[PDB]
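Student: So that we are looking at the same thing, I have put the structure below in structure tokens.
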Amino acid sequence: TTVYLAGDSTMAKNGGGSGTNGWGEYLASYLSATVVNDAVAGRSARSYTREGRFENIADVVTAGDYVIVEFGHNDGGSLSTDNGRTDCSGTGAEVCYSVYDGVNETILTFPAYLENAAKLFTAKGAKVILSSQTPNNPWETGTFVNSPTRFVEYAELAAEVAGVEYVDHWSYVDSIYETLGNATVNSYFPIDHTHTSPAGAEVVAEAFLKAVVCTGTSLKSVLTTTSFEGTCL
Ligand SMILES: *[C@@H]1O[C@H](CO)[C@@H](O[C@@H]2O[C@H](CO)[C@@H](O[C@@H]3O[C@H](CO[C@@H]4O[C@H](CO[C@H]5O[C@H](CO)[C@@H](O)[C@H](O)[C@@H]5O)[C@@H](O)[C@H](O[C@H]5O[C@H](CO)[C@@H](O)[C@H](O)[C@@H]5O)[C@@H]4O)[C@@H](O)[C@H](O)[C@@H]3O)[C@H](O)[C@H]2NC(C)=O)[C@H](O)[C@H]1NC(C)=O
Ligand SMILES: *[C@@H]1O[C@H](CO)[C@@H](O)[C@H](O)[C@H]1NC(C)=O
């Protein structure tokens with residue numbers, strides 16, 4: 001059994017550089033399956049699709065494998081000044097067109113990109129888990145602010161439409177950050193409000209596993225332990 005990870009710098013090996021790391025690097029210790037971290041810094045559901053990265057996973061994934069997909073951090077912004085990451089606005093079959101990198105690109109909505117990827121994998125017999133994005137430092141201002149982005153609800157909507165599983169990674173990380181407090185959580189963000197230090201990445205990976213155990217996600221089958229702090233919800 002192999003577990004494929006698709007995400008951005010919050011999940012990727014080496015995080016966003018400068019001594020930060022991604023949560024995907026701390027999962028293997030807790031699973032009895034091989035973990036393949038295909039997350040890449042700076043990608044959105046759009047650019048990950050355009051670069052052929054979902055396709056690459058589709059080529060090698062087999063029946064029984066898992067694929068965890070988590071995007072959102074790089075999916076917003078303005079299409080007016082196209083950075084190549086921003087998805088088309090909307091929750092369904094809306095299409096946007098923008099010239100980027102020498103191509104008049106057809107751009108889909110965030111849910112559509114995730115639904116299309118889920119369909120490719122599911123048809124081959126893989127188990128897909130769509131996960132909401134992790135939060136930027138919620139204590140950046142000295143007080144706790146719970147402010148989910150639109151991509152948290154979109155990931156949930158996508159899983160529902162594609163018929164796959166959903167793990168609310170956002171809520172589980174924000175719940176543990178709230179309890180850890182201001183000083184500790186700020187220490188997890190060494191250079192900006194997005195990229196976690198190795199300790200923050202470990203806490204973020206544990207929060208994903210807490211969410212899996214609490215919700216009864218299929219990944220439960222390859223977990224080596226259920227001893228993680230925090231509570232269900
Ligand atoms: C929530 O938790 C945070 C983190 O624990 C609390 O903030 C810390 O509070 C302690 C105690 O008050 C501060 O420690 C003091 O620091 C001063 C020196 O002044 C400061 O210098 C810091 C270092 O600067 C360098 O490093 C930075 C990081 O790499 C870099 O960005 C700089 O360019 C520079 O190279 C600096 O981080 C700090 O900035 C903060 O304060 C400014 C106030 O004017 C503000 O503009 C800025 O946005 C930051 O908030 C400040 O310049 C020492 O003289 C003193 O002895 C003591 O060690 C510590 O600096 C704070 N850290 C941070 C990250 O803010 C915070 O109080 C808690 N919030 C609440 C509401 O409780
Ligand atoms: C991109 O393609 C769409 C649909 O084919 C078209 O309407 C639009 O004008 C094209 N963009 C440019 C800059 O030509």
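Scheme for the structure tokens: letters A, B, ... for chains in order shown; per-chain residue numbers from 1; ligand numbers from 1 in order shown.
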Can I get the residues close to ligand 1 as a PyMOL selection string, where close means within 9 Å and we count only C-alpha atoms and all ligand atoms?
Tutor: chain A and resi 139-143+181-187+190-191
Student: Please, could you write that set of residues out with N, CA, C and O atoms as a tab-separated table (two decimals), in the first residue's frame?
Tutor:
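File produced: part-v6.tsv:
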chain	number	residue	atom	x	y	z
A	139	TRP	N	-2.57	33.41	15.34
A	139	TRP	CA	-2.13	34.21	16.50
A	139	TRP	C	-1.17	35.30	16.05
A	139	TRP	O	-0.48	35.89	16.89
A	140	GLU	N	-1.08	35.53	14.74
A	140	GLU	CA	-0.17	36.55	14.20
A	140	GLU	C	-0.35	37.91	14.87
A	140	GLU	O	0.62	38.64	15.09
A	141	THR	N	-1.58	38.24	15.27
A	141	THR	CA	-1.83	39.53	15.92
A	141	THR	C	-1.82	39.53	17.46
A	141	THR	O	-2.17	40.54	18.07
A	142	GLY	N	-1.44	38.41	18.08
A	142	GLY	CA	-1.43	38.36	19.53
A	142	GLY	C	-2.71	37.81	20.14
A	142	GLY	O	-2.75	37.50	21.33
A	143	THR	N	-3.78	37.77	19.35
A	143	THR	CA	-5.07	37.23	19.77
A	143	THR	C	-5.48	36.15	18.74
A	143	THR	O	-5.10	36.22	17.57
A	181	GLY	N	-1.77	28.27	22.43
A	181	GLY	CA	-1.49	29.62	22.85
A	181	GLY	C	-0.62	30.43	21.92
A	181	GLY	O	0.04	29.91	21.03
A	182	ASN	N	-0.57	31.72	22.22
A	182	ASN	CA	0.17	32.70	21.43
A	182	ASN	C	1.69	32.49	21.25
A	182	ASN	O	2.18	32.45	20.11
A	183	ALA	N	2.42	32.37	22.35
A	183	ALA	CA	3.88	32.20	22.29
A	183	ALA	C	4.30	30.96	21.52
A	183	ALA	O	5.15	31.03	20.63
A	184	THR	N	3.70	29.82	21.85
A	184	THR	CA	4.05	28.57	21.18
A	184	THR	C	3.72	28.56	19.70
A	184	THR	O	4.58	28.22	18.89
A	185	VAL	N	2.50	28.94	19.33
A	185	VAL	CA	2.15	28.93	17.91
A	185	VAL	C	3.00	29.91	17.08
A	185	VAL	O	3.45	29.56	15.98
A	186	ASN	N	3.31	31.08	17.64
A	186	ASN	CA	4.15	32.03	16.91
A	186	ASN	C	5.56	31.48	16.67
A	186	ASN	O	6.20	31.78	15.67
A	187	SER	N	6.01	30.60	17.56
A	187	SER	CA	7.33	29.99	17.40
A	187	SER	C	7.34	29.00	16.23
A	187	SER	O	8.40	28.67	15.70
A	190	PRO	N	8.57	30.90	11.84
A	190	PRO	CA	9.83	31.64	11.86
A	190	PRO	C	10.10	32.77	10.88
A	190	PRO	O	10.81	33.73	11.23
A	191	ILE	N	9.52	32.71	9.69
A	191	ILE	CA	9.82	33.73	8.71
A	191	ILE	C	8.64	34.42	8.05
A	191	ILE	O	8.83	35.42	7.35
Student: Show me which residues line ligand 2, defined as having an atom within 12 Å of a ligand atom where only C-alpha atoms and all ligand atoms count, and present them as a compact mmCIF listing (two decimals) with N, CA, C and O atoms, in the first residue's frame.
Tutor:
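What landed in part_33.txt:
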# COMPACT_ATOMS: atom_id res chain seq x y z
N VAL A 95 -15.85 28.28 -16.38
CA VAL A 95 -14.56 28.28 -17.04
C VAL A 95 -14.10 29.73 -17.24
O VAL A 95 -14.91 30.62 -17.48
N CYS A 96 -12.81 29.97 -17.01
CA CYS A 96 -12.18 31.28 -17.21
C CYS A 96 -11.09 31.06 -18.26
O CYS A 96 -10.61 29.94 -18.45
N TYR A 97 -10.71 32.13 -18.97
CA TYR A 97 -9.62 32.03 -19.95
C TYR A 97 -8.66 33.17 -19.65
O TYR A 97 -9.08 34.31 -19.39
N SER A 98 -7.38 32.85 -19.66
CA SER A 98 -6.35 33.85 -19.41
C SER A 98 -5.06 33.44 -20.10
O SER A 98 -4.73 32.26 -20.15
N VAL A 99 -4.36 34.43 -20.68
CA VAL A 99 -3.09 34.15 -21.34
C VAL A 99 -2.02 34.10 -20.26
O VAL A 99 -1.81 35.07 -19.52
N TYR A 100 -1.37 32.96 -20.15
CA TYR A 100 -0.33 32.81 -19.15
C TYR A 100 0.79 31.91 -19.66
O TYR A 100 0.54 30.80 -20.16
N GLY A 102 2.61 32.14 -22.35
CA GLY A 102 2.45 31.89 -23.77
C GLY A 102 1.31 30.99 -24.23
O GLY A 102 1.34 30.50 -25.35
N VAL A 103 0.28 30.81 -23.41
CA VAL A 103 -0.86 29.96 -23.77
C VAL A 103 -2.18 30.64 -23.34
O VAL A 103 -2.18 31.31 -22.30
N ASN A 104 -3.24 30.56 -24.16
CA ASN A 104 -4.56 31.09 -23.76
C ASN A 104 -5.11 29.88 -22.99
O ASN A 104 -5.68 28.95 -23.59
N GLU A 105 -4.90 29.87 -21.68
CA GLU A 105 -5.28 28.75 -20.83
C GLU A 105 -6.76 28.67 -20.41
O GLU A 105 -7.39 29.69 -20.10
N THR A 106 -7.31 27.46 -20.47
CA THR A 106 -8.67 27.22 -19.99
C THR A 106 -8.49 26.92 -18.50
O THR A 106 -7.75 25.99 -18.12
N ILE A 107 -9.12 27.74 -17.66
CA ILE A 107 -9.00 27.64 -16.21
C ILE A 107 -10.32 27.25 -15.58
O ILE A 107 -11.35 27.87 -15.83
Student: Between CA of residue 215 (chain A) and CA of residue 119 (chain A), what is the spacing in Å?
Tutor: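 Computed distance, CA of residue 119 (chain A) to CA of residue 215 (chain A), equals 22.5 Å.
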Student: One number please: CA of residue 34 (chain A) to CA of residue 2 (chain A), in Å, one decimal.
Tutor: 4.7 Å
Student: Nearest residue to residue 166 (chain A) out of A:86, A:69, A:189, A:195, using only C-alpha atoms?
Tutor: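 Residue with the minimum atom-to-atom distance to residue 166 (chain A): A:69.
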Student: Taking into account only C-alpha atoms, which residue in the set A:49, A:127, A:230, A:31 is nearest to residue 64 (chain A)?
Tutor: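 Distance minimum relative to residue 64 (chain A) lands on A:127.
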Student: As an MDAnalysis selection string, please: every residue in region 4-227 of chain A that DSSP puts in strand (DSSP E).
Tutor: chainID A and resid 4:6 34:37 66:69 96:100 103:107 127:131 165:167
Student: Counting only C-alpha atoms, what is within 12 Å of residue 76 (chain A), bar same-chain residues fewer than 5 positions away, as a PyMOL selection string?
Tutor: chain A and resi 43-46+71+81-90+109-110+149-151
Student: Suppose we keep N, CA, C and O atoms; can you now write the selection as a PDB file, in the first residue's frame?
Tutor:
ATOM      1  N   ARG A  43       2.472  25.609  -5.644  1.00  0.00           N
ATOM      2  CA  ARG A  43       1.415  25.122  -6.520  1.00  0.00           C
ATOM      3  C   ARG A  43       0.004  25.336  -5.975  1.00  0.00           C
ATOM      4  O   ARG A  43      -0.210  25.384  -4.751  1.00  0.00           O
ATOM      5  N   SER A  44      -0.943  25.470  -6.903  1.00  0.00           N
ATOM      6  CA  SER A  44      -2.377  25.601  -6.604  1.00  0.00           C
ATOM      7  C   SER A  44      -3.043  24.392  -7.305  1.00  0.00           C
ATOM      8  O   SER A  44      -2.344  23.625  -8.003  1.00  0.00           O
ATOM      9  N   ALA A  45      -4.357  24.200  -7.143  1.00  0.00           N
ATOM     10  CA  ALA A  45      -5.044  23.088  -7.845  1.00  0.00           C
ATOM     11  C   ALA A  45      -4.861  23.280  -9.379  1.00  0.00           C
ATOM     12  O   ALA A  45      -4.644  22.316 -10.121  1.00  0.00           O
ATOM     13  N   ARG A  46      -4.885  24.538  -9.829  1.00  0.00           N
ATOM     14  CA  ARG A  46      -4.694  24.841 -11.248  1.00  0.00           C
ATOM     15  C   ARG A  46      -3.279  24.509 -11.765  1.00  0.00           C
ATOM     16  O   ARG A  46      -3.132  23.763 -12.736  1.00  0.00           O
ATOM     17  N   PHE A  71      -5.097  21.488  -1.144  1.00  0.00           N
ATOM     18  CA  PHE A  71      -4.715  22.775  -1.743  1.00  0.00           C
ATOM     19  C   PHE A  71      -5.575  23.897  -1.180  1.00  0.00           C
ATOM     20  O   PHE A  71      -6.509  23.640  -0.432  1.00  0.00           O
ATOM     21  N   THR A  81      -4.271  40.046 -13.003  1.00  0.00           N
ATOM     22  CA  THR A  81      -2.807  40.038 -13.085  1.00  0.00           C
ATOM     23  C   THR A  81      -2.461  38.578 -12.809  1.00  0.00           C
ATOM     24  O   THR A  81      -1.948  38.238 -11.750  1.00  0.00           O
ATOM     25  N   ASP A  82      -2.704  37.736 -13.802  1.00  0.00           N
ATOM     26  CA  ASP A  82      -2.519  36.294 -13.691  1.00  0.00           C
ATOM     27  C   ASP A  82      -1.146  35.811 -13.279  1.00  0.00           C
ATOM     28  O   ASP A  82      -0.196  35.942 -14.016  1.00  0.00           O
ATOM     29  N   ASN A  83      -1.056  35.219 -12.092  1.00  0.00           N
ATOM     30  CA  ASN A  83       0.194  34.661 -11.596  1.00  0.00           C
ATOM     31  C   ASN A  83       0.351  33.149 -11.945  1.00  0.00           C
ATOM     32  O   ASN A  83       1.325  32.495 -11.547  1.00  0.00           O
ATOM     33  N   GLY A  84      -0.604  32.616 -12.697  1.00  0.00           N
ATOM     34  CA  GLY A  84      -0.568  31.216 -13.087  1.00  0.00           C
ATOM     35  C   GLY A  84      -1.084  30.242 -12.033  1.00  0.00           C
ATOM     36  O   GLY A  84      -1.113  29.043 -12.271  1.00  0.00           O
ATOM     37  N   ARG A  85      -1.480  30.750 -10.870  1.00  0.00           N
ATOM     38  CA  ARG A  85      -1.978  29.903  -9.780  1.00  0.00           C
ATOM     39  C   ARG A  85      -3.462  30.030  -9.504  1.00  0.00           C
ATOM     40  O   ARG A  85      -4.120  29.050  -9.173  1.00  0.00           O
ATOM     41  N   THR A  86      -3.961  31.260  -9.580  1.00  0.00           N
ATOM     42  CA  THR A  86      -5.355  31.569  -9.301  1.00  0.00           C
ATOM     43  C   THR A  86      -6.361  30.743 -10.100  1.00  0.00           C
ATOM     44  O   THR A  86      -6.276  30.670 -11.332  1.00  0.00           O
ATOM     45  N   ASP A  87      -7.302  30.110  -9.401  1.00  0.00           N
ATOM     46  CA  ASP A  87      -8.341  29.329 -10.069  1.00  0.00           C
ATOM     47  C   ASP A  87      -9.464  30.248 -10.552  1.00  0.00           C
ATOM     48  O   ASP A  87      -9.568  31.415 -10.133  1.00  0.00           O
ATOM     49  N   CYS A  88     -10.333  29.709 -11.405  1.00  0.00           N
ATOM     50  CA  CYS A  88     -11.470  30.475 -11.889  1.00  0.00           C
ATOM     51  C   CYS A  88     -12.448  30.575 -10.705  1.00  0.00           C
ATOM     52  O   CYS A  88     -12.512  29.647  -9.896  1.00  0.00           O
ATOM     53  N   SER A  89     -13.162  31.700 -10.559  1.00  0.00           N
ATOM     54  CA  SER A  89     -14.124  31.842  -9.453  1.00  0.00           C
ATOM     55  C   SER A  89     -15.346  30.929  -9.635  1.00  0.00           C
ATOM     56  O   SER A  89     -15.761  30.641 -10.761  1.00  0.00           O
ATOM     57  N   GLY A  90     -15.928  30.488  -8.527  1.00  0.00           N
ATOM     58  CA  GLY A  90     -17.088  29.634  -8.619  1.00  0.00           C
ATOM     59  C   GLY A  90     -16.888  28.293  -7.948  1.00  0.00           C
ATOM     60  O   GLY A  90     -15.803  27.976  -7.456  1.00  0.00           O
ATOM     61  N   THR A 109     -12.646  25.871 -11.958  1.00  0.00           N
ATOM     62  CA  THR A 109     -12.830  26.264 -10.572  1.00  0.00           C
ATOM     63  C   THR A 109     -11.997  25.324  -9.682  1.00  0.00           C
ATOM     64  O   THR A 109     -11.556  24.241 -10.114  1.00  0.00           O
ATOM     65  N   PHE A 110     -11.756  25.761  -8.453  1.00  0.00           N
ATOM     66  CA  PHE A 110     -11.018  24.953  -7.487  1.00  0.00           C
ATOM     67  C   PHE A 110     -11.726  23.567  -7.286  1.00  0.00           C
ATOM     68  O   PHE A 110     -11.074  22.515  -7.393  1.00  0.00           O
ATOM     69  N   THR A 149     -10.779  30.106   4.967  1.00  0.00           N
ATOM     70  CA  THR A 149     -10.855  30.670   3.634  1.00  0.00           C
ATOM     71  C   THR A 149     -11.992  29.924   2.927  1.00  0.00           C
ATOM     72  O   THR A 149     -12.489  28.887   3.424  1.00  0.00           O
ATOM     73  N   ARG A 150     -12.344  30.410   1.743  1.00  0.00           N
ATOM     74  CA  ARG A 150     -13.412  29.787   0.974  1.00  0.00           C
ATOM     75  C   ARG A 150     -13.026  28.375   0.534  1.00  0.00           C
ATOM     76  O   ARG A 150     -13.892  27.518   0.349  1.00  0.00           O
ATOM     77  N   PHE A 151     -11.725  28.125   0.422  1.00  0.00           N
ATOM     78  CA  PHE A 151     -11.245  26.816  -0.037  1.00  0.00           C
ATOM     79  C   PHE A 151     -11.492  25.672   0.961  1.00  0.00           C
ATOM     80  O   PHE A 151     -11.439  24.492   0.585  1.00  0.00           O
TER      81      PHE A 151
END
Student: Find, counting only C-alpha atoms, the residue in A:154, A:177, A:170, A:188 that gets nearest to residue 19 (chain A).
Tutor: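 Looking at the shortest contact to residue 19 (chain A), the residue is A:188.
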Student: With distances taken over only C-alpha atoms, which residue among A:228, A:48, A:208, A:66 lies nearest residue 122 (chain A)?
Tutor: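 Residue with the minimum atom-to-atom distance to residue 122 (chain A): A:66.
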